[PDB]
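Asks: my_file13.pdb (PDB, C-alpha atoms) pasted underneath:
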ATOM      1  CA  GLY I   1       0.000   0.000   0.000
ATOM      2  CA  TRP I   2       1.157   3.665   0.044
ATOM      3  CA  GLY I   3       0.862   4.296   3.803
ATOM      4  CA  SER I   4       3.734   1.806   4.201
ATOM      5  CA  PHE I   5       6.618   3.717   2.552
ATOM      6  CA  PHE I   6       5.142   6.888   4.078
ATOM      7  CA  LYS I   7       5.731   5.842   7.700
ATOM      8  CA  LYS I   8       7.597   2.630   6.860
ATOM      9  CA  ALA I   9      10.137   4.656   4.847
ATOM     10  CA  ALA I  10       9.914   7.775   7.035
ATOM     11  CA  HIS I  11      10.297   5.629  10.166
ATOM     12  CA  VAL I  12      12.951   3.471   8.459
ATOM     13  CA  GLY I  13      14.892   6.358   6.881
ATOM     14  CA  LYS I  14      14.436   8.371  10.097
ATOM     15  CA  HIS I  15      15.376   5.606  12.564
ATOM     16  CA  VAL I  16      18.226   4.491  10.273
ATOM     17  CA  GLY I  17      19.472   8.009   9.448
ATOM     18  CA  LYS I  18      19.414   8.954  13.150
ATOM     19  CA  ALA I  19      20.755   5.586  14.366
ATOM     20  CA  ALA I  20      23.332   5.551  11.539
ATOM     21  CA  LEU I  21      23.986   9.315  11.302
ATOM     22  CA  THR I  22      22.656  10.853  14.542
ATOM     23  CA  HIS I  23      24.108   7.876  16.455
ATOM     24  CA  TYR I  24      26.882   6.079  14.531
ATOM     25  CA  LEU I  25      28.673   9.453  14.738
TER      26      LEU I  25
END
What is this file in structure tokens?
Replies:
Amino acid sequence: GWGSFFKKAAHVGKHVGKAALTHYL
């Protein structure tokens, strides 16, 4: 569905970007 990527990607890109960028560094 579309809702997925919306939060799925926002939550995935956000949790990953923060955990990999806002955290890894």
Asks: Can you measure CA of residue 1 (chain I) to CA of residue 20 (chain I) for me? One decimal in Å is fine.
Replies: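 Computing the Euclidean distance for CA of residue 1 (chain I) and CA of residue 20 (chain I) yields 26.6 Å.
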Asks: May I ask for the distance between CA of residue 2 (chain I) and CA of residue 23 (chain I), given in Å to one decimal place?
Replies: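 Those two atoms sit 28.5 Å apart.
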Asks: Kindly give the distance, in Å, that separates CA of residue 21 (chain I) and CA of residue 7 (chain I), rounded to a single decimal.
Replies: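 Atom-to-atom, CA of residue 21 (chain I) to CA of residue 7 (chain I), that is 18.9 Å.
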